[PDB]
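Worksheet: one structure, shown below.
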Amino acid sequence: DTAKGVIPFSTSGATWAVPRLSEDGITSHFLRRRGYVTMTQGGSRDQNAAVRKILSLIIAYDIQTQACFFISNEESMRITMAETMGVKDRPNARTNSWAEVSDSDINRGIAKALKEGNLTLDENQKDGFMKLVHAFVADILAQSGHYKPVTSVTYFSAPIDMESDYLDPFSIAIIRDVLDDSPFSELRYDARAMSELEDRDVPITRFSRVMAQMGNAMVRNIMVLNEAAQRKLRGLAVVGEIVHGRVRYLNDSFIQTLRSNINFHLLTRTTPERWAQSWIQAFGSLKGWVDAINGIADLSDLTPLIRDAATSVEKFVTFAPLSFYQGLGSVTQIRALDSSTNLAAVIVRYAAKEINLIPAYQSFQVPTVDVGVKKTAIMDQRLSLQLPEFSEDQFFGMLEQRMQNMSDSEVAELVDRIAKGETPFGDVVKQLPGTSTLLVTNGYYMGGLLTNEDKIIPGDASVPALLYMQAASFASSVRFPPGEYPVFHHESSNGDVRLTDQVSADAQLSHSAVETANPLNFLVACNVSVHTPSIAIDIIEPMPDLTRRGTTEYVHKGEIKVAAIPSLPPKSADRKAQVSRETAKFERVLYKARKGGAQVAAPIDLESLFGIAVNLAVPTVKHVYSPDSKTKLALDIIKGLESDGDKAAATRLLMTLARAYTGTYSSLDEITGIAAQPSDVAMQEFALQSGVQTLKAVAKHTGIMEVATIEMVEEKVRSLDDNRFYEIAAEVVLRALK
Amino acid sequence: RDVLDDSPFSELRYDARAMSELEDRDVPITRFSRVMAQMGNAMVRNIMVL
């Protein structure tokens with residue numbers, strides 16, 4: 001709606017802007033995290049140019065631009081060259097044409113000119129800056145060329161942080177576009193000058209000079225980017241407040257998709273300084289310009305600024321169903337025993353790829369002096385370490401049933417019970433935010449998909465983003481009042497709509513019309529369900545790629561872990577002498593037979609599992625859904641079924657869960673396991689208990705998962721029925737024999 | 001005595017690229033240690049394998 005100025009409406013499908021999902025392996029968004037971007041120094045001129053590009057996009061302006069002013073300053077560059085080659089930074093100082101420069105030489109040169117440079121840098125600046133100026137000098141001095149890299153070295157720098165900025169991915173998108181065309185991506189050379197450098201016997205003065213002018217052009221290059229960025233922002237701070245109507249007849253294709261964008265609308269309400277900054281140069285301030293096009297409506301042709309902004313915003317920001325995205329969310333509604341016309345639970349299952357198993361490689365360790373880091377030389381894959389491997393399907397299965405057999409009043413009780421802070425199921429089941437039904441999500445528990453930001457819905461209930469969005473994406477049109485929340489409308493005929501008491505106070509409701517400022521209401525109770533979820537959440541390079549590994553050495557803080565296995569004493573029975581002690585010094589199985597009931601103690605020999613003289617190097621997986629936050633799901637579902645009482649269900653899930661934890665390392669030295677006798681169970685009990693306790697000891701010495709969460713289970717499995725212990729233990733000796 | 005047959009001192013495996021840097025004149029001595037170091041560093045692994 002756009003009669004004669006601006007006025008309210010309510011698109012039933014409003015859209016919030018999310019980050020356009022990339023597979024680029026250089027960023028981390030709030031649903032997808034990236035630990036480390038893998039990187040490289042030296043090797044060859046081309047390898048350094050691949051990196052110089054990725055560095056072009058990772059490191060932010062203030063570090064990048066700072067480096068360009070460093071390069072533009074001759075007196076600084078004279079010193080980095082003068083020191084790179086063994087000579088003084090003086091007008092009469094000569095370097096040869098046969099001199100070959102290792103990257104080692106460049107860096108200690110740059111370092112020396114930072115040091116005398118007398119400019120103050122953060123630890124972060126100093127690090128990013130040293131990598132740009134290195135990648136620039138190793139390209140000049142390849143073109144020169146005196147570069148002759150002694151080797152390739154791999155470091156890991158960290159990705160672009162879009163972990164916050166749920167609310168504003170627009171200024172992130174602008175900046176990130178403009179970085180593509182950044183002065184560090186491709187260096188433009190002067191061939192005439194470069195010939196002077198190829199020449200022997202060159203004075204060092206001729207080297208600084210040409211690098212200076214190259215920099216001096218990069219500085220201009222940036223002044224142009226810092227302009228074409230602030231031109232785009234100018235355009236965004238024009239869309240608001242034409243959208244709120246402090247300025248005046250345009251319903252552009254862009255402006256339209258942003259008038260029904262909850263994100264934009266909030267950010268723009270009172271005008272954002274970050275975007276109004278850009279008008280201080282042109283007119284200044286924004287209010288000076290705003291008065292201009294309100295004198296005019298009573299320095300025009302405004303439609304390219306908006307178009308400029310768009311191409312950027314568009315290529316980095318997809319707008320979402322409160323349309324797409326109608327996932328990634330398995331929405332299955334479930335109604336009380338009082339079938340119609342009101343429901344109890346709304347299940348929302350976000351899925352993503354996990355990793356079932358992790359490869360492990362024999363490594364040796366290479367000296368450096370830092371503690372600090374370690375260099376390691378990963379050689380051969382020699383195992384693949386196993387995880388739990390339990391399907392999250394069945395757990396929500398027993399939970400569906402439970403919520404169906406929930407009567408109408410039973411439910412509204414559990415809700416109040418929960419709304420008072422009680423959390424019977426953990427964060428699996430919560431109050432549906434601002435509605436009187438409850439929801440049953442996966443993703444409070446995974447990737448932190450759901451976390452609650454509290455301005456989106458009117459009123460007092462804070463609400464997770466990817467619901468508000470997945471719900472609003474089921475809305476047919478969307479009304480946009482200046483200075484208020486978006487009001488949504490859903491119109492889908494005819495009978496597939498319920499008239500219910502559960503919806504928040506603001507909601508109008510008929511059969512096939514729903515009109516509320518709180519989208520989740522469209523699950524109370526419009527017939528809205530999605531069998532399987534739209535978009536599985538993906539990780540590119542979840543593990544650091546040791547695919548190069550025959551040819552390069554690696555440097556890692558935490559991203560690779562090396563195994564500090566304790567070695568057993570080699571002795572028929574000197575093992576047995578320390579195993580029983582119940583306080584000695586290599587990993588063991590330590591259970592207390594539930595068949596009454598002496599203490600068992602058996603040594604765990606990681607030696608013979610991992611290989612004989614081998615220090616497993618094991619990558620750390622940056623998971624989306626981590627064994628620890630999954631197992632911690634199941635256990636919270638089991639606990640919450642344990643009351644309100646479904647012993648039948650709860651005790652079946654705990655069984656499933658158990659089978660998975662004990663299965664993997666069972667079975668993998670008779671006379672050693674003590675105390676025991678040739679019982680047929682006491683023995684098949686060992687089979688369970690070593691199967692978890694060796695998985696535990698493996699997860700201790702290789703950072704696969706927290707030991708914490710294995711003991712969390714071990715405990716819930718001691719408390720498992722004595723009759724069941726031995727059903728699963730039969731199952732595990734029968735699997736083991738084959 | 002078997003394992004000694006396949007010992008790192010019996011036949012030395014060279015890196016041709018690095019060795020060209022050495023053939024070059026006029027070489028700094030630093031370029032000589034380095035390449036010998038890595039040759040050794042491989043002999044050390046060679047032994048860890050024996």
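By convention here, the chains of the structure tokens are called A, B, ... in the order presented, each chain's residues are numbered starting at 1, and ligands are numbered starting at 1 in the order presented.
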(message) Please check the contacts: residues of chain B at most 10 Å away from chain A, using only C-alpha atoms, listed as a count of residues only.
(response) 14
(message) Excluding residue 13 of chain B and its own-chain neighbours fewer than 5 positions away, which residues fall within 10 Å of it when counting only C-alpha atoms? Please give them as a ChimeraX atom specification.
(response) /B:8,39,42-43
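When only C-alpha atoms are used to compute distances to residue 29 of chain A, the closest of the residues A:539, A:141, A:351, A:469 turns out to be A:539.
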(request) Using only C-alpha atoms, determine which residues lie at most 8 Å from residue 485 of chain A, disregarding the query and same-chain residues fewer than 4 positions distant; provide the list as a ChimeraX atom specification. (result) /A:262,266,456-458,480-481,517
Restrict the selected residues to C-alpha atoms and save them as a PDB file, in the first residue's frame.
```pdb
ATOM      1  CA  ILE A 262      11.435  -6.831   9.552  1.00  0.00           C
ATOM      2  CA  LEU A 266      13.784  -2.003  12.817  1.00  0.00           C
ATOM      3  CA  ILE A 456      11.159  -8.793  16.985  1.00  0.00           C
ATOM      4  CA  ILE A 457       7.720  -9.682  18.396  1.00  0.00           C
ATOM      5  CA  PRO A 458       5.840  -7.045  20.250  1.00  0.00           C
ATOM      6  CA  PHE A 480       4.414  -1.896   7.231  1.00  0.00           C
ATOM      7  CA  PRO A 481       3.464   0.972   9.555  1.00  0.00           C
ATOM      8  CA  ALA A 517       2.366  -9.063  14.741  1.00  0.00           C
TER       9      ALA A 517
END
```
(request) Considering only C-alpha atoms, return as a count of residues only whatever protein or nucleic-acid residues lie within 12 Å of residue 281 of chain A, sequence-local ones (same chain, fewer than 6 positions apart) excluded. (result) 6
(request) Find the spatial neighbours of segment 511-514 of chain A, counting only C-alpha atoms, within a cut-off of 7 Å - ignore same-chain residues fewer than 3 positions away - and output them as a list in words. (result)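 The residues that qualify are residues 489, 490, 491, 492, 493, 494, 495, 497, 498, 499, 507 and 508 of chain A.
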Can those selected residues be exported to a file as a short mmCIF file (atom, residue, chain, number, x, y, z; two decimals), in the first residue's frame so that it contains N, CA, C and O atoms?
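Result file result_39.cif:
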```cif
data_model
loop_
_atom_site.label_atom_id
_atom_site.label_comp_id
_atom_site.auth_asym_id
_atom_site.auth_seq_id
_atom_site.Cartn_x
_atom_site.Cartn_y
_atom_site.Cartn_z
N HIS A 489 -0.30 -11.27 7.68
CA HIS A 489 -1.63 -11.75 7.30
C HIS A 489 -1.45 -13.07 6.55
O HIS A 489 -0.60 -13.16 5.67
N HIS A 490 -2.21 -14.10 6.95
CA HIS A 490 -2.23 -15.38 6.24
C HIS A 490 -3.64 -15.68 5.79
O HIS A 490 -4.57 -15.67 6.58
N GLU A 491 -3.79 -15.99 4.51
CA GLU A 491 -5.09 -16.20 3.90
C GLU A 491 -5.06 -17.47 3.06
O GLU A 491 -4.57 -17.45 1.93
N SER A 492 -5.54 -18.58 3.60
CA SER A 492 -5.50 -19.84 2.85
C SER A 492 -6.74 -20.65 3.12
O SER A 492 -6.92 -21.19 4.21
N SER A 493 -7.61 -20.73 2.11
CA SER A 493 -8.94 -21.30 2.31
C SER A 493 -8.97 -22.83 2.15
O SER A 493 -8.14 -23.41 1.44
N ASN A 494 -9.93 -23.47 2.82
CA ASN A 494 -10.92 -22.77 3.70
C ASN A 494 -10.96 -23.30 5.16
O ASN A 494 -10.75 -22.56 6.14
N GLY A 495 -11.21 -24.60 5.27
CA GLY A 495 -11.40 -25.26 6.55
C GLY A 495 -10.09 -25.54 7.27
O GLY A 495 -10.09 -25.71 8.48
N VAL A 497 -8.04 -24.19 8.89
CA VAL A 497 -7.73 -23.13 9.86
C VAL A 497 -8.53 -23.36 11.12
O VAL A 497 -9.74 -23.56 11.03
N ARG A 498 -7.88 -23.27 12.28
CA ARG A 498 -8.58 -23.47 13.55
C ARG A 498 -8.78 -22.13 14.22
O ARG A 498 -8.03 -21.18 13.95
N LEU A 499 -9.80 -22.07 15.07
CA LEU A 499 -10.13 -20.89 15.86
C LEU A 499 -9.73 -21.18 17.29
O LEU A 499 -10.50 -21.82 18.01
N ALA A 507 -3.99 -11.20 18.13
CA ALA A 507 -4.34 -11.92 16.90
C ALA A 507 -5.82 -11.97 16.53
O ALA A 507 -6.63 -12.49 17.29
N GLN A 508 -6.16 -11.44 15.35
CA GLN A 508 -7.48 -11.64 14.73
C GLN A 508 -7.48 -13.02 14.10
O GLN A 508 -6.47 -13.45 13.54
#
```
(request) Have a look at atom CA of residue 197 of chain A and atom CA of residue 143 of chain A and let me know their distance in Å, one decimal. (result) 9.3 Å
(message) So that I can check the surroundings of residue 400 of chain A, please list as a PyMOL selection string every protein, DNA and RNA residue that reaches within 10 Å of it, counting only C-alpha atoms and ignoring chain neighbours fewer than 2 positions away.
(response) chain A and resi 332-334+345-347+394-398+402-406+440
Which of chain B counts as helix (DSSP H, G or I) under DSSP, as a PDB file with N, CA, C and O atoms, in the first residue's frame please?
```pdb
ATOM      1  N   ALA B  16      66.222 -32.263  -6.060  1.00  0.00           N
ATOM      2  CA  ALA B  16      66.903 -31.651  -7.197  1.00  0.00           C
ATOM      3  C   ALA B  16      66.722 -30.131  -7.247  1.00  0.00           C
ATOM      4  O   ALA B  16      67.677 -29.412  -7.546  1.00  0.00           O
ATOM      5  N   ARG B  17      65.520 -29.655  -6.917  1.00  0.00           N
ATOM      6  CA  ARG B  17      65.225 -28.215  -6.924  1.00  0.00           C
ATOM      7  C   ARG B  17      66.172 -27.469  -5.972  1.00  0.00           C
ATOM      8  O   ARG B  17      66.845 -26.517  -6.372  1.00  0.00           O
ATOM      9  N   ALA B  18      66.228 -27.914  -4.724  1.00  0.00           N
ATOM     10  CA  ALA B  18      67.126 -27.337  -3.737  1.00  0.00           C
ATOM     11  C   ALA B  18      68.579 -27.398  -4.194  1.00  0.00           C
ATOM     12  O   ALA B  18      69.294 -26.411  -4.081  1.00  0.00           O
ATOM     13  N   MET B  19      69.017 -28.546  -4.711  1.00  0.00           N
ATOM     14  CA  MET B  19      70.407 -28.712  -5.155  1.00  0.00           C
ATOM     15  C   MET B  19      70.793 -27.750  -6.283  1.00  0.00           C
ATOM     16  O   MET B  19      71.974 -27.444  -6.463  1.00  0.00           O
ATOM     17  N   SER B  20      69.830 -27.316  -7.082  1.00  0.00           N
ATOM     18  CA  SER B  20      70.128 -26.312  -8.086  1.00  0.00           C
ATOM     19  C   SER B  20      70.517 -24.989  -7.413  1.00  0.00           C
ATOM     20  O   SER B  20      71.423 -24.311  -7.871  1.00  0.00           O
ATOM     21  N   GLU B  21      69.864 -24.647  -6.311  1.00  0.00           N
ATOM     22  CA  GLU B  21      70.197 -23.418  -5.586  1.00  0.00           C
ATOM     23  C   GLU B  21      71.624 -23.383  -5.099  1.00  0.00           C
ATOM     24  O   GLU B  21      72.133 -22.329  -4.746  1.00  0.00           O
ATOM     25  N   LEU B  22      72.217 -24.559  -4.996  1.00  0.00           N
ATOM     26  CA  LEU B  22      73.518 -24.742  -4.404  1.00  0.00           C
ATOM     27  C   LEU B  22      74.606 -24.687  -5.460  1.00  0.00           C
ATOM     28  O   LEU B  22      75.762 -24.346  -5.174  1.00  0.00           O
ATOM     29  N   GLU B  23      74.213 -25.066  -6.677  1.00  0.00           N
ATOM     30  CA  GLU B  23      75.081 -25.165  -7.867  1.00  0.00           C
ATOM     31  C   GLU B  23      75.368 -23.767  -8.361  1.00  0.00           C
ATOM     32  O   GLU B  23      76.490 -23.441  -8.776  1.00  0.00           O
ATOM     33  N   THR B  30      74.031 -20.139   4.501  1.00  0.00           N
ATOM     34  CA  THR B  30      72.730 -20.449   5.036  1.00  0.00           C
ATOM     35  C   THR B  30      71.916 -21.399   4.150  1.00  0.00           C
ATOM     36  O   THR B  30      71.191 -22.220   4.671  1.00  0.00           O
ATOM     37  N   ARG B  31      72.033 -21.278   2.827  1.00  0.00           N
ATOM     38  CA  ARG B  31      71.293 -22.121   1.856  1.00  0.00           C
ATOM     39  C   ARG B  31      71.837 -23.561   1.848  1.00  0.00           C
ATOM     40  O   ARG B  31      71.187 -24.480   1.352  1.00  0.00           O
ATOM     41  N   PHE B  32      73.057 -23.734   2.345  1.00  0.00           N
ATOM     42  CA  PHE B  32      73.706 -25.035   2.379  1.00  0.00           C
ATOM     43  C   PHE B  32      73.290 -25.809   3.614  1.00  0.00           C
ATOM     44  O   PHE B  32      73.114 -27.007   3.558  1.00  0.00           O
ATOM     45  N   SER B  33      73.241 -25.139   4.753  1.00  0.00           N
ATOM     46  CA  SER B  33      72.896 -25.826   5.977  1.00  0.00           C
ATOM     47  C   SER B  33      71.474 -26.304   5.829  1.00  0.00           C
ATOM     48  O   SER B  33      71.182 -27.465   6.058  1.00  0.00           O
ATOM     49  N   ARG B  34      70.612 -25.408   5.380  1.00  0.00           N
ATOM     50  CA  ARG B  34      69.190 -25.673   5.323  1.00  0.00           C
ATOM     51  C   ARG B  34      68.861 -26.952   4.611  1.00  0.00           C
ATOM     52  O   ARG B  34      68.043 -27.735   5.095  1.00  0.00           O
ATOM     53  N   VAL B  35      69.454 -27.138   3.435  1.00  0.00           N
ATOM     54  CA  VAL B  35      69.082 -28.276   2.592  1.00  0.00           C
ATOM     55  C   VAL B  35      69.648 -29.558   3.161  1.00  0.00           C
ATOM     56  O   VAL B  35      69.051 -30.619   2.972  1.00  0.00           O
ATOM     57  N   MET B  36      70.791 -29.448   3.847  1.00  0.00           N
ATOM     58  CA  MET B  36      71.400 -30.591   4.501  1.00  0.00           C
ATOM     59  C   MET B  36      70.552 -30.924   5.713  1.00  0.00           C
ATOM     60  O   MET B  36      70.346 -32.090   6.016  1.00  0.00           O
ATOM     61  N   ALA B  37      70.049 -29.904   6.396  1.00  0.00           N
ATOM     62  CA  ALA B  37      69.191 -30.125   7.542  1.00  0.00           C
ATOM     63  C   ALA B  37      67.982 -30.938   7.146  1.00  0.00           C
ATOM     64  O   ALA B  37      67.665 -31.932   7.787  1.00  0.00           O
ATOM     65  N   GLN B  38      67.289 -30.520   6.104  1.00  0.00           N
ATOM     66  CA  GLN B  38      66.103 -31.250   5.706  1.00  0.00           C
ATOM     67  C   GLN B  38      66.442 -32.628   5.207  1.00  0.00           C
ATOM     68  O   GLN B  38      65.629 -33.529   5.361  1.00  0.00           O
ATOM     69  N   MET B  39      67.608 -32.807   4.597  1.00  0.00           N
ATOM     70  CA  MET B  39      68.014 -34.151   4.212  1.00  0.00           C
ATOM     71  C   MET B  39      68.148 -35.006   5.466  1.00  0.00           C
ATOM     72  O   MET B  39      67.769 -36.184   5.476  1.00  0.00           O
ATOM     73  N   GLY B  40      68.739 -34.427   6.507  1.00  0.00           N
ATOM     74  CA  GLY B  40      68.939 -35.135   7.763  1.00  0.00           C
ATOM     75  C   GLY B  40      67.597 -35.419   8.374  1.00  0.00           C
ATOM     76  O   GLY B  40      67.261 -36.552   8.671  1.00  0.00           O
ATOM     77  N   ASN B  41      66.807 -34.367   8.508  1.00  0.00           N
ATOM     78  CA  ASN B  41      65.476 -34.488   9.055  1.00  0.00           C
ATOM     79  C   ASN B  41      64.681 -35.635   8.440  1.00  0.00           C
ATOM     80  O   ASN B  41      63.840 -36.222   9.092  1.00  0.00           O
ATOM     81  N   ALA B  42      64.943 -35.945   7.179  1.00  0.00           N
ATOM     82  CA  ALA B  42      64.333 -37.108   6.549  1.00  0.00           C
ATOM     83  C   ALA B  42      65.030 -38.405   6.943  1.00  0.00           C
ATOM     84  O   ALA B  42      64.384 -39.453   7.024  1.00  0.00           O
ATOM     85  N   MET B  43      66.343 -38.354   7.143  1.00  0.00           N
ATOM     86  CA  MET B  43      67.058 -39.514   7.648  1.00  0.00           C
ATOM     87  C   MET B  43      66.589 -39.838   9.066  1.00  0.00           C
ATOM     88  O   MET B  43      66.543 -41.006   9.450  1.00  0.00           O
ATOM     89  N   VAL B  44      66.283 -38.820   9.853  1.00  0.00           N
ATOM     90  CA  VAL B  44      65.781 -39.053  11.189  1.00  0.00           C
ATOM     91  C   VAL B  44      64.458 -39.809  11.132  1.00  0.00           C
ATOM     92  O   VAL B  44      64.272 -40.780  11.874  1.00  0.00           O
ATOM     93  N   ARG B  45      63.552 -39.391  10.253  1.00  0.00           N
ATOM     94  CA  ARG B  45      62.281 -40.116  10.050  1.00  0.00           C
ATOM     95  C   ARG B  45      62.541 -41.505   9.519  1.00  0.00           C
ATOM     96  O   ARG B  45      61.864 -42.454   9.900  1.00  0.00           O
ATOM     97  N   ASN B  46      63.485 -41.595   8.592  1.00  0.00           N
ATOM     98  CA  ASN B  46      63.895 -42.870   8.042  1.00  0.00           C
ATOM     99  C   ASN B  46      64.211 -43.855   9.146  1.00  0.00           C
ATOM    100  O   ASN B  46      63.838 -45.023   9.065  1.00  0.00           O
ATOM    101  N   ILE B  47      64.898 -43.378  10.180  1.00  0.00           N
ATOM    102  CA  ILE B  47      65.311 -44.232  11.295  1.00  0.00           C
ATOM    103  C   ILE B  47      64.129 -44.539  12.188  1.00  0.00           C
ATOM    104  O   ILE B  47      63.877 -45.696  12.494  1.00  0.00           O
ATOM    105  N   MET B  48      63.370 -43.523  12.568  1.00  0.00           N
ATOM    106  CA  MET B  48      62.167 -43.763  13.350  1.00  0.00           C
ATOM    107  C   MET B  48      61.338 -44.908  12.746  1.00  0.00           C
ATOM    108  O   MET B  48      60.722 -45.665  13.497  1.00  0.00           O
ATOM    109  N   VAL B  49      61.366 -45.047  11.412  1.00  0.00           N
ATOM    110  CA  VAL B  49      60.727 -46.171  10.678  1.00  0.00           C
ATOM    111  C   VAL B  49      61.460 -47.514  10.787  1.00  0.00           C
ATOM    112  O   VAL B  49      60.838 -48.575  10.810  1.00  0.00           O
TER     113      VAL B  49
END
```
(message) Please compute the atom CA of residue 642 of chain A-atom CA of residue 686 of chain A distance, one decimal, in Å.
(response)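 Separating atom CA of residue 642 of chain A from atom CA of residue 686 of chain A is a distance of 27.1 Å.
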(request) Measure the distance from atom CA of residue 80 of chain A to atom CA of residue 218 of chain A in Å and round it to one decimal. (result)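 Atom-to-atom, atom CA of residue 80 of chain A and atom CA of residue 218 of chain A are spaced 18.2 Å apart.
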